[PDB]
$ cat data.json   # JSON, C-alpha atoms and all ligand atoms
[["chain", "number", "residue", "atom", "x", "y", "z"],
["A", 1, "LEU", "CA", 104.28, 69.20, 85.02],
["A", 2, "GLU", "CA", 107.71, 70.79, 85.03],
["A", 3, "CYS", "CA", 108.35, 74.47, 85.82],
["A", 4, "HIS", "CA", 111.18, 76.92, 85.74],
["A", 5, "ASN", "CA", 112.79, 77.83, 89.06],
["A", 6, "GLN", "CA", 115.61, 80.22, 88.23],
["A", 7, "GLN", "CA", 115.65, 83.70, 89.81],
["A", 8, "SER", "CA", 115.88, 87.14, 88.28],
["A", 9, "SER", "CA", 116.92, 86.96, 84.57],
["A", 10, "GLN", "CA", 119.24, 83.95, 85.21],
["A", 11, "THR", "CA", 119.78, 81.26, 82.66],
["A", 12, "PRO", "CA", 116.75, 78.97, 82.76],
["A", 13, "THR", "CA", 116.52, 75.91, 85.00],
["A", 14, "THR", "CA", 113.63, 73.52, 85.54],
["A", 15, "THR", "CA", 112.22, 71.32, 88.30],
["A", 16, "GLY", "CA", 109.62, 68.67, 88.26],
["A", 17, "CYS", "CA", 106.47, 69.42, 90.31],
["A", 18, "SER", "CA", 104.38, 67.16, 92.61],
["A", 19, "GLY", "CA", 101.89, 64.93, 90.65],
["A", 20, "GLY", "CA", 98.61, 66.81, 90.69],
["A", 21, "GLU", "CA", 100.16, 70.24, 90.28],
["A", 22, "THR", "CA", 98.70, 72.07, 87.29],
["A", 23, "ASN", "CA", 100.36, 75.49, 87.42],
["A", 24, "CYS", "CA", 103.75, 77.12, 87.19],
["A", 25, "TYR", "CA", 104.25, 80.64, 88.44],
["A", 26, "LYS", "CA", 106.43, 83.76, 88.17],
["A", 27, "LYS", "CA", 106.16, 86.32, 91.00],
["A", 28, "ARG", "CA", 107.63, 89.80, 90.67],
["A", 29, "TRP", "CA", 108.16, 92.64, 93.13],
["A", 30, "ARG", "CA", 110.49, 95.57, 93.60],
["A", 31, "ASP", "CA", 113.36, 96.06, 96.11],
["A", 32, "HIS", "CA", 115.51, 99.23, 96.30],
["A", 33, "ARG", "CA", 117.09, 99.56, 92.80],
["A", 34, "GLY", "CA", 115.27, 96.71, 90.80],
["A", 35, "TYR", "CA", 112.81, 93.88, 90.44],
["A", 36, "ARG", "CA", 112.98, 90.55, 92.04],
["A", 37, "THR", "CA", 111.57, 87.51, 90.28],
["A", 38, "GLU", "CA", 110.67, 84.11, 91.74],
["A", 39, "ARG", "CA", 109.63, 81.09, 89.67],
["A", 40, "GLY", "CA", 108.34, 77.65, 90.69],
["A", 41, "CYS", "CA", 105.58, 75.07, 90.79],
["A", 42, "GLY", "CA", 102.10, 76.16, 91.81],
["A", 43, "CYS", "CA", 100.21, 79.45, 91.86],
["A", 44, "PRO", "CA", 100.47, 80.67, 95.44],
["A", 45, "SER", "CA", 98.15, 83.40, 96.62],
["A", 46, "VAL", "CA", 99.76, 86.84, 96.69],
["A", 47, "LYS", "CA", 99.03, 90.06, 98.49],
["A", 48, "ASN", "CA", 100.30, 93.48, 99.28],
["A", 49, "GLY", "CA", 102.18, 94.63, 96.23],
["A", 50, "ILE", "CA", 103.31, 91.33, 94.72],
["A", 51, "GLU", "CA", 102.24, 90.41, 91.20],
["A", 52, "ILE", "CA", 102.13, 86.89, 89.82],
["A", 53, "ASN", "CA", 101.68, 85.19, 86.48],
["A", 54, "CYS", "CA", 100.48, 81.60, 86.49],
["A", 55, "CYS", "CA", 100.42, 79.29, 83.50],
["A", 56, "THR", "CA", 99.48, 75.72, 82.87],
["A", 57, "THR", "CA", 101.93, 74.16, 80.39],
["A", 58, "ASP", "CA", 105.42, 72.74, 80.94],
["A", 59, "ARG", "CA", 108.17, 75.31, 81.44],
["A", 60, "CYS", "CA", 105.73, 78.15, 80.68],
["A", 61, "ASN", "CA", 106.79, 80.47, 83.51],
["A", 62, "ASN", "CA", 109.58, 82.22, 81.65],
["B", 1, "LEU", "CA", 114.15, 93.76, 69.23],
["B", 2, "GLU", "CA", 110.90, 91.91, 68.98],
["B", 3, "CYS", "CA", 110.64, 88.13, 69.15],
["B", 4, "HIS", "CA", 107.99, 85.53, 68.66],
["B", 5, "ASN", "CA", 106.66, 84.08, 71.89],
["B", 6, "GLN", "CA", 104.03, 81.48, 70.88],
["B", 7, "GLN", "CA", 104.29, 77.84, 71.88],
["B", 8, "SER", "CA", 104.05, 74.75, 69.79],
["B", 9, "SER", "CA", 102.53, 75.18, 66.34],
["B", 10, "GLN", "CA", 100.28, 78.03, 67.34],
["B", 11, "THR", "CA", 99.86, 81.05, 65.08],
["B", 12, "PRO", "CA", 102.84, 83.34, 65.55],
["B", 13, "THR", "CA", 102.59, 86.05, 68.22],
["B", 14, "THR", "CA", 105.20, 88.59, 69.25],
["B", 15, "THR", "CA", 106.58, 90.39, 72.30],
["B", 16, "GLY", "CA", 108.92, 93.28, 72.73],
["B", 17, "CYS", "CA", 112.23, 92.51, 74.34],
["B", 18, "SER", "CA", 114.18, 94.56, 76.84],
["B", 19, "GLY", "CA", 116.13, 97.35, 75.22],
["B", 20, "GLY", "CA", 119.55, 95.71, 75.28],
["B", 21, "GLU", "CA", 118.52, 92.27, 74.12],
["B", 22, "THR", "CA", 120.08, 91.19, 70.85],
["B", 23, "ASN", "CA", 118.74, 87.64, 70.39],
["B", 24, "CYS", "CA", 115.52, 85.74, 69.89],
["B", 25, "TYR", "CA", 115.25, 82.01, 70.53],
["B", 26, "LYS", "CA", 113.23, 78.88, 69.89],
["B", 27, "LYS", "CA", 113.75, 75.94, 72.27],
["B", 28, "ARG", "CA", 112.45, 72.42, 71.77],
["B", 29, "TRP", "CA", 112.44, 69.39, 73.96],
["B", 30, "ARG", "CA", 110.95, 65.93, 74.11],
["B", 31, "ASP", "CA", 108.09, 65.25, 76.37],
["B", 32, "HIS", "CA", 107.04, 61.62, 76.46],
["B", 33, "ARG", "CA", 105.33, 60.90, 73.20],
["B", 34, "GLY", "CA", 105.35, 64.56, 72.07],
["B", 35, "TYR", "CA", 107.47, 67.66, 71.70],
["B", 36, "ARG", "CA", 107.21, 71.08, 73.26],
["B", 37, "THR", "CA", 108.45, 74.29, 71.67],
["B", 38, "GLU", "CA", 109.00, 77.64, 73.43],
["B", 39, "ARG", "CA", 109.88, 80.95, 71.87],
["B", 40, "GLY", "CA", 111.02, 84.28, 73.34],
["B", 41, "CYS", "CA", 113.69, 86.91, 73.82],
["B", 42, "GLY", "CA", 117.24, 85.85, 74.61],
["B", 43, "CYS", "CA", 119.47, 82.91, 73.72],
["B", 44, "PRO", "CA", 119.90, 80.29, 76.43],
["B", 45, "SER", "CA", 123.07, 78.10, 75.84],
["B", 46, "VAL", "CA", 122.60, 74.56, 74.44],
["B", 47, "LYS", "CA", 122.51, 71.85, 77.02],
["B", 48, "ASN", "CA", 121.80, 68.15, 77.03],
["B", 49, "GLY", "CA", 118.87, 66.97, 75.03],
["B", 50, "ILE", "CA", 117.37, 70.46, 74.29],
["B", 51, "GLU", "CA", 117.38, 71.85, 70.76],
["B", 52, "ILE", "CA", 118.06, 75.61, 70.67],
["B", 53, "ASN", "CA", 117.81, 78.07, 67.74],
["B", 54, "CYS", "CA", 118.96, 81.70, 68.17],
["B", 55, "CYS", "CA", 118.94, 84.65, 65.78],
["B", 56, "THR", "CA", 119.36, 88.42, 65.90],
["B", 57, "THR", "CA", 116.58, 90.05, 63.86],
["B", 58, "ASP", "CA", 112.95, 90.82, 64.63],
["B", 59, "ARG", "CA", 110.64, 87.80, 64.76],
["B", 60, "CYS", "CA", 113.39, 85.62, 63.34],
["B", 61, "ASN", "CA", 112.61, 82.75, 65.75],
["B", 62, "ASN", "CA", 109.89, 81.05, 63.72],
["C", 101, "CL", "CL", 111.79, 76.18, 78.65],
["C", 102, "CU", "CU", 104.93, 67.48, 80.56],
["C", 103, "CU", "CU", 114.59, 74.45, 79.95],
["C", 104, "CU", "CU", 113.28, 91.02, 98.40],
["C", 105, "CU", "CU", 110.64, 77.79, 79.48],
["C", 106, "CU", "CU", 112.30, 95.80, 66.10],
["C", 107, "CU", "CU", 111.10, 97.55, 68.32],
["C", 108, "CU", "CU", 117.44, 96.98, 71.39],
["C", 109, "CU", "CU", 104.52, 73.15, 73.02],
["C", 110, "CU", "CU", 125.42, 67.82, 76.49],
["C", 111, "CU", "CU", 115.88, 70.91, 64.25],
["C", 112, "CU", "CU", 110.16, 93.33, 59.34],
["C", 113, "CU", "CU", 107.04, 84.62, 62.19],
["C", 114, "NA", "NA", 103.81, 89.23, 64.66],
["C", 115, "NA", "NA", 106.19, 81.41, 61.40]]
$ encode --input "data.json" --output "structure tokens" --more "lines below"
Ligand SMILES: [Cl-]
Ligand SMILES: [Cu+2]
Ligand SMILES: [Cu+2]
Ligand SMILES: [Cu+2]
Ligand SMILES: [Cu+2]
Ligand SMILES: [Cu+2]
Ligand SMILES: [Cu+2]
Ligand SMILES: [Cu+2]
Ligand SMILES: [Cu+2]
Ligand SMILES: [Cu+2]
Ligand SMILES: [Cu+2]
Ligand SMILES: [Cu+2]
Ligand SMILES: [Cu+2]
Ligand code: NA
Ligand code: NA
Amino acid sequence: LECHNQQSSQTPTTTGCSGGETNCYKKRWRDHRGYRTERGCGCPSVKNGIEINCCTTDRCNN
Amino acid sequence: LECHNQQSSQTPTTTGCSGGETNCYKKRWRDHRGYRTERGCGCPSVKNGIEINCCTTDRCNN
């Protein structure tokens, strides 16, 4: 599986994930005047005001 | 602007872009013995071995 890993609304970049990994993710939260966005391999558990989208196809976490 | 967002050869689906966006895109790349296609809002620049289409009208990125 390969996933995007760029931040914010940056031009897209991709990374390969560890063998068994089935998900890519996009986390979003707010800070002062805007959103923050984090993208990578996996689907880490979130809490306390973070939202996350997880998907299961290559480069899906746009 | 609205753009298609479906993958692959799926039936077309659409999303609404941010207010200032002017482009839609379709991106294709090779994945072993297959191809993957992504669609959405924006126009990432061409780079090695990706095929990129961009256009400027609603749902133009078939
Ligand atoms: Cl992509
Ligand atoms: Cu793949
Ligand atoms: Cu890419
Ligand atoms: Cu922060
Ligand atoms: Cu992508
Ligand atoms: Cu429109
Ligand atoms: Cu509209
Ligand atoms: Cu507009
Ligand atoms: Cu595909
Ligand atoms: Cu090149
Ligand atoms: Cu072509
Ligand atoms: Cu129309
Ligand atoms: Cu269409
Ligand atoms: Na449509
Ligand atoms: Na179409």
$ residues_near_ligand --input "data.json" --ligand "ligand NA 115 (chain C)" --cutoff "8 Å" --atoms "all atoms listed in the file" --output "JSON, numbers by chain"
{"B": [11, 12, 61, 62]}
$ residues_near_ligand --input "data.json" --ligand "ligand CL 101 (chain C)" --cutoff "12 Å" --atoms "only C-alpha atoms and all ligand atoms" --output "VMD selection string"
(chain A and resid 2 to 6 11 to 15 24 57 to 62) or (chain B and resid 5 7 to 8 25 to 31 35 to 47 50 to 52)
$ atom_distance --input "data.json" --atom1 "atom CA of residue 48 of chain B" --atom2 "atom CA of residue 23 of chain A"
24.9 Å
$ closest_residue --input "data.json" --among "A:56, A:32, A:21, A:49" --to "ligand CU 104 (chain C)" --atoms "only C-alpha atoms and all ligand atoms"
A:32
$ residues_near_ligand --input "data.json" --ligand "ligand CU 108 (chain C)" --cutoff "6 Å" --atoms "all atoms listed in the file" --output "PDB file with C-alpha atoms, keeping the file's coordinate frame"
ATOM      1  CA  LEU B   1     114.150  93.760  69.230  1.00  0.00           C
ATOM      2  CA  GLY B  19     116.130  97.350  75.220  1.00  0.00           C
ATOM      3  CA  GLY B  20     119.550  95.710  75.280  1.00  0.00           C
ATOM      4  CA  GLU B  21     118.520  92.270  74.120  1.00  0.00           C
TER       5      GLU B  21
END
$ atom_distance --input "data.json" --atom1 "atom CA of residue 17 of chain A" --atom2 "atom CA of residue 53 of chain B"
26.7 Å
$ build_atoms --input "data.json" --residues "segment 13-38 of chain B" --atoms "N, CA and C atoms" --output "PDB file, in the coordinates of the input"
ATOM      1  N   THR B  13     102.857  84.843  67.442  1.00  0.00           N
ATOM      2  CA  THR B  13     102.590  86.050  68.220  1.00  0.00           C
ATOM      3  C   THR B  13     103.936  86.604  68.622  1.00  0.00           C
ATOM      4  N   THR B  14     103.961  87.881  69.056  1.00  0.00           N
ATOM      5  CA  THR B  14     105.200  88.590  69.250  1.00  0.00           C
ATOM      6  C   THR B  14     105.183  89.399  70.534  1.00  0.00           C
ATOM      7  N   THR B  15     106.358  89.523  71.131  1.00  0.00           N
ATOM      8  CA  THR B  15     106.580  90.390  72.300  1.00  0.00           C
ATOM      9  C   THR B  15     107.774  91.251  72.066  1.00  0.00           C
ATOM     10  N   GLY B  16     107.792  92.400  72.750  1.00  0.00           N
ATOM     11  CA  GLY B  16     108.920  93.280  72.730  1.00  0.00           C
ATOM     12  C   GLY B  16     109.938  92.987  73.796  1.00  0.00           C
ATOM     13  N   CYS B  17     111.184  92.837  73.416  1.00  0.00           N
ATOM     14  CA  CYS B  17     112.230  92.510  74.340  1.00  0.00           C
ATOM     15  C   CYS B  17     112.720  93.732  75.122  1.00  0.00           C
ATOM     16  N   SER B  18     113.474  93.457  76.170  1.00  0.00           N
ATOM     17  CA  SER B  18     114.180  94.560  76.840  1.00  0.00           C
ATOM     18  C   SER B  18     115.112  95.247  75.865  1.00  0.00           C
ATOM     19  N   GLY B  19     115.451  96.522  76.194  1.00  0.00           N
ATOM     20  CA  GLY B  19     116.130  97.350  75.220  1.00  0.00           C
ATOM     21  C   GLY B  19     117.477  96.868  74.744  1.00  0.00           C
ATOM     22  N   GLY B  20     118.218  96.195  75.651  1.00  0.00           N
ATOM     23  CA  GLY B  20     119.550  95.710  75.280  1.00  0.00           C
ATOM     24  C   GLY B  20     119.618  94.337  74.663  1.00  0.00           C
ATOM     25  N   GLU B  21     118.489  93.636  74.626  1.00  0.00           N
ATOM     26  CA  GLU B  21     118.520  92.270  74.120  1.00  0.00           C
ATOM     27  C   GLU B  21     118.866  92.256  72.666  1.00  0.00           C
ATOM     28  N   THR B  22     119.700  91.309  72.239  1.00  0.00           N
ATOM     29  CA  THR B  22     120.080  91.190  70.850  1.00  0.00           C
ATOM     30  C   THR B  22     119.625  89.891  70.170  1.00  0.00           C
ATOM     31  N   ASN B  23     119.095  88.936  70.973  1.00  0.00           N
ATOM     32  CA  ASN B  23     118.740  87.640  70.390  1.00  0.00           C
ATOM     33  C   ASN B  23     117.276  87.304  70.634  1.00  0.00           C
ATOM     34  N   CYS B  24     116.754  86.508  69.721  1.00  0.00           N
ATOM     35  CA  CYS B  24     115.520  85.740  69.890  1.00  0.00           C
ATOM     36  C   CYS B  24     115.866  84.251  69.885  1.00  0.00           C
ATOM     37  N   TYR B  25     114.983  83.431  70.481  1.00  0.00           N
ATOM     38  CA  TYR B  25     115.250  82.010  70.530  1.00  0.00           C
ATOM     39  C   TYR B  25     113.985  81.194  70.305  1.00  0.00           C
ATOM     40  N   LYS B  26     114.235  79.937  69.903  1.00  0.00           N
ATOM     41  CA  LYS B  26     113.230  78.880  69.890  1.00  0.00           C
ATOM     42  C   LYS B  26     113.895  77.668  70.547  1.00  0.00           C
ATOM     43  N   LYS B  27     113.219  77.057  71.484  1.00  0.00           N
ATOM     44  CA  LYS B  27     113.750  75.940  72.270  1.00  0.00           C
ATOM     45  C   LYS B  27     112.770  74.798  72.149  1.00  0.00           C
ATOM     46  N   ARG B  28     113.283  73.608  71.869  1.00  0.00           N
ATOM     47  CA  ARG B  28     112.450  72.420  71.770  1.00  0.00           C
ATOM     48  C   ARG B  28     112.989  71.334  72.673  1.00  0.00           C
ATOM     49  N   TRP B  29     112.026  70.576  73.224  1.00  0.00           N
ATOM     50  CA  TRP B  29     112.440  69.390  73.960  1.00  0.00           C
ATOM     51  C   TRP B  29     111.359  68.342  73.859  1.00  0.00           C
ATOM     52  N   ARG B  30     111.754  67.127  74.241  1.00  0.00           N
ATOM     53  CA  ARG B  30     110.950  65.930  74.110  1.00  0.00           C
ATOM     54  C   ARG B  30     110.185  65.765  75.400  1.00  0.00           C
ATOM     55  N   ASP B  31     108.926  65.390  75.176  1.00  0.00           N
ATOM     56  CA  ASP B  31     108.090  65.250  76.370  1.00  0.00           C
ATOM     57  C   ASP B  31     107.205  64.046  76.139  1.00  0.00           C
ATOM     58  N   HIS B  32     107.720  62.900  76.588  1.00  0.00           N
ATOM     59  CA  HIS B  32     107.040  61.620  76.460  1.00  0.00           C
ATOM     60  C   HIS B  32     106.794  61.366  74.979  1.00  0.00           C
ATOM     61  N   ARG B  33     105.529  61.171  74.620  1.00  0.00           N
ATOM     62  CA  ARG B  33     105.330  60.900  73.200  1.00  0.00           C
ATOM     63  C   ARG B  33     105.006  62.133  72.388  1.00  0.00           C
ATOM     64  N   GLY B  34     105.517  63.298  72.766  1.00  0.00           N
ATOM     65  CA  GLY B  34     105.350  64.560  72.070  1.00  0.00           C
ATOM     66  C   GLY B  34     106.578  65.434  72.202  1.00  0.00           C
ATOM     67  N   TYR B  35     106.435  66.636  71.676  1.00  0.00           N
ATOM     68  CA  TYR B  35     107.470  67.660  71.700  1.00  0.00           C
ATOM     69  C   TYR B  35     106.816  68.902  72.259  1.00  0.00           C
ATOM     70  N   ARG B  36     107.656  69.744  72.880  1.00  0.00           N
ATOM     71  CA  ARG B  36     107.210  71.080  73.260  1.00  0.00           C
ATOM     72  C   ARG B  36     108.203  72.079  72.659  1.00  0.00           C
ATOM     73  N   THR B  37     107.652  73.200  72.204  1.00  0.00           N
ATOM     74  CA  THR B  37     108.450  74.290  71.670  1.00  0.00           C
ATOM     75  C   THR B  37     108.099  75.590  72.387  1.00  0.00           C
ATOM     76  N   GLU B  38     109.106  76.333  72.766  1.00  0.00           N
ATOM     77  CA  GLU B  38     109.000  77.640  73.430  1.00  0.00           C
ATOM     78  C   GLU B  38     109.741  78.661  72.602  1.00  0.00           C
TER      79      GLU B  38
END
